[PDB]
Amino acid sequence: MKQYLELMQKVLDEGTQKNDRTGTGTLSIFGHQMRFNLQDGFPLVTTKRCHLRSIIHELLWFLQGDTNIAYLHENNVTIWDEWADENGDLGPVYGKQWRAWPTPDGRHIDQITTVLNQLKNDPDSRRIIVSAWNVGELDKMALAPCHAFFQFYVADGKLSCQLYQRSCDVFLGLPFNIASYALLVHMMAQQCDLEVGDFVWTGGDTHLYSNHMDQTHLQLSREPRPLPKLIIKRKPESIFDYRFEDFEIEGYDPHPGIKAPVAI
């Protein structure tokens, strides 16, 4: 996508060498922002093939409040295998914080239901926010949240959303993350009778791993194709009642996949 390849070129042109946990080695910049108008098309990267079925199933899993990979395995999705413990558990990562953030006084807050009711009843609110950054539970999580905090906004009948991503593997993780939140915006907008607005992506430590550079330059040699279109085929009674089959992506004509090694 034009904005995504510009970001890749910016990391390459302006980034600095940085180690990670012992680890692999990165090139990193700090601070970036880009905007996808979702009325232009669904922002699924076209300069390499991406696995949308995994994106959809992961988001439905988050929305259920699940943090065990059993559901993902029942749908042949392996993207979390490397972080799960021997029972398939990840600890209280995204889905648990979204649906049941634990308070100090024994309550749990369903932030997704909260922002659905704000969008329906108080869309001018300046605090329609979901955070996964539960400081007091980070030590129980298999990974600290990368897509850590997000905010919705309504204007002119359109729903927008801004994500703060504190750490971002630009080659492997970011295509998935963009498509995931874009999908969530469409579902929310459907539930609240709004049109889609912008997805605004903001990055903290935004980096390319050193073993992804030949793959990154291969992708950069390619011309983006027209964006695909997202069609939702049903209006479920709640944001938690969507099914994989309710979604169809039309016109996705990507360049070939590019394989790259994960950095656990």
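Position 1 is the first residue in the sequence shown; the rest follow in order.
Quick one: higher average CA temperature factor, 243-251 or 12-20?
-> Higher mean C-alpha B-factor: 12-20.
Mean C-alpha B factor from the entry: is it higher for 22-30 or for 234-242?
-> The entry gives the higher C-alpha B-factor average to 22-30.
From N68, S210, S221, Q64, can you pick the one with the highest C-alpha B factor in the entry?
-> Going by the entry's C-alpha B-factors, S210 comes out highest.
Out of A189, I112, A179, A142, which residue has the highest Cα temperature factor in the PDB record?
-> Answer for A189, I112, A179, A142: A142, with the highest C-alpha B-factor.
State the tercile, meaning the lowest, middle or highest third, of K158 with respect to the CA B-factors recorded for its chain.
-> Lowest third.
Consider only the C-alpha atoms of the modelled residues in this chain, order them by B-factor as the entry records it, and name the third containing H147: lowest, middle or highest.
-> As the PDB entry reports it, the C-alpha B-factor of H147 lands in the lowest third of its chain.
Thinking about Cα B factors across the chain, which third does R166 belong to?
-> CA B-factor rank for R166: lowest third.
Please place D40 in the lowest, middle or highest third of its chain by C-alpha B factor as given in the entry.
-> Middle third, going by the recorded CA B-factors of the chain.
Lowest, middle or highest third - CA B-factor, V196 | According to the entry, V196 has a C-alpha B-factor in the chain's middle third.
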